Structures are given as structure tokens and as C-alpha cells.
Amino acid sequence: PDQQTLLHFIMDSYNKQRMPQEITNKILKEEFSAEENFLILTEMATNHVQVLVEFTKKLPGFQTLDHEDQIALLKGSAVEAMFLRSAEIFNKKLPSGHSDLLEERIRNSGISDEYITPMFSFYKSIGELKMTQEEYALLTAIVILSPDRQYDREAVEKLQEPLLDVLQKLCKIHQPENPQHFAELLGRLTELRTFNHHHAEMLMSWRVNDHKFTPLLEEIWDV
Amino acid sequence: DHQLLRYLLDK
Ligand SMILES: CC(C)c1onc(-c2c(Cl)cccc2Cl)c1COc1ccc(-c2ccc3nc(C(=O)O)ccc3c2)cc1
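Residues numbered from 1 in each chain as written, not as in the entry; some residues may be left out. Chains lettered and ligands numbered in written order. Heavy atoms only, no water. Residues with missing side-chain atoms left out of burial classes, pairs and counts.

(A) Looking closely at the overall build of chain A. If you tally the helices and strands in chain A, you get ten helices and zero strands. For 223 residues, the compact-globule estimate of 2.2 N^0.38 gives 17 Å, and chain A sits close to it at 17 Å. Taken over the C-alpha atoms alone, chain A extends approximately 50 × 40 × 30 Å along its principal axes. (Helix = DSSP H or I, 4+ residues; strand = E, 2+ residues; numbered from the N terminus. Rg over C-alpha atoms; globule rule 2.2 N^0.38 Å.)

(B) Structural context of the packing of aromatic side chains. Residues and elements named next belong to chain A. As enumerated under the stated definition, the model contains 13 aromatic pairs over all chains in all. For the pair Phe38 and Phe213, a centre-to-centre distance of 5.7 Å together with 55 degrees between the ring planes defines the contact as tilted. Given a relative accessible area of 4%, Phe38 falls into the buried group. Note on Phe213: relative accessible area 11%, which makes it buried. (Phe/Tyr/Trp six-rings, centres within 6.5 Å; stacked < 30°, edge-to-face > 60°. Buried < 20%, exposed > 50% of the residue type's maximum accessible area, 1.4 Å probe, protein only.)

(C) The arrangement of the nonpolar core in detail. Residue and element names in this part refer to chain A. Grouped together as the largest cluster of nonpolar side chains are 74 residues, with contacts concentrated most on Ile106, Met119 and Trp221. At twelve residues, the largest contribution of residues to this core is made by helix α4 (residues 67-92). In this structure, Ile106 is in contact with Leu41, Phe90, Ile111, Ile116, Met119 and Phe120, ignoring residues within four places of it in sequence. (Core = buried A, V, L, I, M, F, W, Y, C linked by side-chain atoms within 4.5 Å. Contact = heavy atoms within 4.5 Å.)

(D) Here's a closer look at the interface of chain A and chain B. The interface is formed by 15 residues belonging to chain A together with eight residues belonging to chain B. Elements supplying a minimum of two residues to the side of chain A that touches chain B: α3 (34-58), α4 and α10 (215-220) of chain A. A per-element tally of the side of chain A that touches chain B places α4 of chain A first, with six residues. Split by residue class, the side of chain A that touches chain B holds seven nonpolar, three polar and five charged. (Nonpolar A, V, L, I, M, F, W, Y, C, P; charged D, E, K, R; others polar.)

(E) Focus on the packing of α3 of chain A against α4 of chain A. Residues and elements named next belong to chain A. Packing of α3 against α4 leaves a shortest axis separation of 10 Å and a crossing angle of 110 degrees. It follows that α3 is roughly perpendicular to α4 by the angle criterion. Where α3 crosses over α4, the two elements pack in a sense that is right-handed. Note on element contacts: α4 touches α3 through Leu74, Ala78, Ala81, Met82 and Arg85, opposite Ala45, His48, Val49, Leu52, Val53 and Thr56. Here the contact of α3 with α4 is built from residues that sort into eight nonpolar, two polar and one charged. (Axes fitted to C-alpha atoms, helices over the stretch in contact; angles between N-to-C directions. Parallel < 35°, antiparallel > 145°, perpendicular 65-115°, else oblique. Left-handed = near helix turned anticlockwise from the far one by under 90°.)

(F) Structural detail: the side chain of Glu88 of chain A. Residues and elements named next belong to chain A. Inspection of the secondary structure puts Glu88 in helix α4. Within the structure, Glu88 has its side chain in polar contact with the side chain of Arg85 (distance 2.8 Å). In contact with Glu88, not counting residues within four places along its chain, are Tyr14, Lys93, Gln133 and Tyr136. (Polar contact = N/O pair within 3.5 Å; in protein donor to acceptor, adjacent residues only side chain to side chain.)

(G) Spotlight on the site of the ligand. Residues and elements named next belong to chain A. Residues in close proximity to the ligand total 24 residues, the closest being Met19, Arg85, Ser96, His199 and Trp206. The contact in question runs from an oxygen atom of the ligand to an N or O atom on the side chain of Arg85, over 2.8 Å. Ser96 places a polar side-chain atom, nitrogen or oxygen, 2.8 Å from an oxygen atom of the ligand. Across the complex, the protein chains shield 98% of the 760 Å² of accessible surface that the ligand would expose by itself. Those elements that place two or more of their residues in the shell around the ligand are α3, α4, α6 (113-128) and α9 (181-208). Among the elements that make up the shell around the ligand, the one with the highest residue count is α3 (six residues). (Near = heavy atom within 4 Å. Areas by Shrake-Rupley, 256 points an atom, 1.4 Å probe, with all protein chains shown as cover.)

Written out as C-alpha cells, the structure reads:
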């Protein structure tokens, strides 16, 4: 724990920005139909992007980075960060996530079976890791600060590696019996990358069937 | 080019 203080304000940041209960109540409260399911998912996503931006801002030395690479990182990690947060809802059964009803809506929102299947297979796998909130938080931070996104890569690594080290330590400090556990997590990140292509195809399908998104989502996903 | 993201970052 040489300087685990950075973990302090990361969890502070991770708990800081939150989805309003009035908005997440719609997952439970509203009609269940293909159209309403899609609209609720779109509202959740566009709200979560704003939560994401506020989390990213608070990250160590994010604001000191190059301005246009900051956009490149936000755009590159958006889908992956939403998959991770949604995974956390399903895995921990976050009350305000209403996971069983969230699942009903995802399974009837115009998404192909081809994408539903690996989506929920991913959710189950990540759940079986039995991760803590600090793991979810650090993985999210690591995912956001990826040096290999399209469009200097070096200064991103300076911000990311410290977080990878803290995650590396917490595995050896909270799972001593499995020293393949850190590797396990990193493997699931590669599985997470798989959903970038899936999501681009999902957007195409939705668009040709006359679905529109929000200005914010349209910007961050290049719609 | 990415006005809304800039706006959220600067707010
Ligand atoms: C734009 C819509 C149609 C969409 O397209 N692909 C996906 C999509 C799908 Cl269907 C699956 C995975 C990833 C994506 Cl982008 C989605 C919906 O994505 C979601 C994004 C965020 C959340 C979310 C995030 C945070 C939450 N926090 C709380 C809380 O209490 O803090 C409660 C509910 C939350 C819901 C749920 C679905």
C-alpha cells in the first residue's frame, strides 16, 4: 500500500456520480414492450455516459492530458465501460438496477440473439469472478485509460499503470490462493473488446429499423 | 467536432 491513497479517491469518484433513482425506477415501473424497452435502455445509456464523464474527469491526472486524446479515450471506452457497469448490476444485483427487469428489457429491445447470447455469457463469467467494488472500479478506470485506442499513447500509460499495479496488489492481497486471478480479470477485458464490434452491428440494425439515440450517445458512438 | 463531450469535460 505504498500510496494506496489513489484508491481512496478512485472509490470516492466511483461512488460520487450516480444515476438518479427517479430515472432507474423506470426499469421497474414502465410498460414492457419492444419500443418502451429500447427507450428506457437509451435513457439509461445516455445518463450513464454523463456519469462516466464525471468519473473519468476525477481520475488521477486525466485533466492534465491532451484535450483531443481525452475525447479519443472517452469514445474508445464508452461501450466497454457500460458493459462493465451493467455486468456489475447483474452480478451484485444492485437494487436500483432492477436486474431481472433490466434483463427483460435488454432481451426485448431489437437486439439479435447473436449478440444477446455472448452478452449474458459475459455477464455470467464476470459474476463467477466474485469481484469486489474496488475491482469493478479499478477495471473501469483501467479500461477508460487504455493507450491502444484509435487516434500520444505514452502519457496514457503513465496514468494507467499505477492503477494496474493497485489491481495487481489487491488480487495478491485479497485472493492469495489463486495467483491466476489477476490474469483472469485481464482475460475478461479481451472478452470485453469483443462487444465493440457487436455493438456497432447492434447500432446498425437499430438505425435501419428507425431507432434514433440521443445527441450525447450519437457523439460518443459516432452515430 | 465533439462539442457535447468537451462541454461535459469543461463543466
Ligand atoms: C442505447 C441503448 C439502446 C443501448 O444500446 N446498447 C446497450 C448496451 C446493452 Cl443493451 C448492454 C451492455 C452495454 C450496452 Cl452499451 C444499451 C443500453 O445500455 C445500458 C447502459 C447503461 C445501463 C446502466 C448503467 C448504470 C446504471 N446504474 C444504476 C444505479 O443505480 O447506479 C442503475 C442502472 C444502471 C443502468 C444499462 C444499459
